[PDB]
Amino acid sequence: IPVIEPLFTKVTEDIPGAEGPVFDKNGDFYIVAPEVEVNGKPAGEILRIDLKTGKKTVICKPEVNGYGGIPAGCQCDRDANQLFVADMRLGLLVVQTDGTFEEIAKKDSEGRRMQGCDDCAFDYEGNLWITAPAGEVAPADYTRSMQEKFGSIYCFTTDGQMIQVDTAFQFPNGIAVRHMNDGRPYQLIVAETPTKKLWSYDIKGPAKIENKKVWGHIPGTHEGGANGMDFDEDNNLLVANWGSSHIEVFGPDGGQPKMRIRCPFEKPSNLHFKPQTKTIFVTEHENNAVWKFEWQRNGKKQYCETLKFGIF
């Protein structure tokens, strides 16, 4: 398995548990700091990073009824410059660029308590697919499915429904949607961290998946495994292999990595492409920093890069 060593450039640092790198519609860059604490209690932050200077600005410190959040993953919205944020303590949040936020739901479509979320991914139809490795959201005691299999997967539909699509995962983490050339959602890819497995489902429609299958295998015996992921324009899946010092690259068909990217740090956590470029921004937990490197090609367009009123 070939391994490349691209040049990594430091962007900024000192961001506890650096995660969820994302770009909004205007090209602004954001990341979350889920491990920031205050007196032993969660006080995670959402930050905007000035790429020119690397200077940080906390735009939001989510808290609901005295319960601080643990924001971990983000997705940019198309129909408005707002961010959807997976929070391990608060569930799903919608955050405005001015710092105002709102909790999306405390219960799913079946009326059961919402679980803490980790990452999310929009399909081109506007449906948001979410991984939920934590137990019930605040005020319930914080728990995570690292050992027990109670992690779930949700789909937040365009018509505002929060539907659990599956469960029994041992820490579902990264998640990505594979689209057909016609732009139709084809497959859902879900990372299950400790098991070193990538799972796939066939997407038949909103909140409708079937044919669960082991899609890929993550290398290493190390503690950890697949964390965040994203597709490049050719549908190659880049996966942060937390604890391995590498970012695995899978071909459209899955299986074993077609190649690996060696990182100058042991714990890559998540990644994201800068729109219209080959630039990938990577968050990592060794130094709690954000880095960037050049990929061999542009990233797959994110949902908020698509046009609602586009002819072609």
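Don't overthink the numbering: it's just position in the shown sequence, from 1.
- Remark: stretch with higher mean C-alpha B factor among 40-48 and 66-74 is 40-48.
- When the two stretches 17-25 and 295-303 are set side by side, the higher mean Cα temperature factor goes to 295-303.
- Going by the entry's values, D182 shows the largest Cα B-factor out of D166, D230, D87, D182.
- Comparing the listed residues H217, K106, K213, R178, the entry records the largest Cα B-factor for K106.
- Looking at the C-alpha B-factors along this chain, the one for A207 belongs to the middle third.
- In the PDB entry, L238 places in the lowest third of its chain by CA B-factor.
- Sort the modelled residues of the chain by CA B factor and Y154 lands in the lowest third.
- Among the modelled residues of its chain, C120 has a C-alpha B-factor that falls in the lowest third, as given in the PDB entry.
- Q161: CA B factor in the middle third of modelled residues in this chain (values from the PDB entry).
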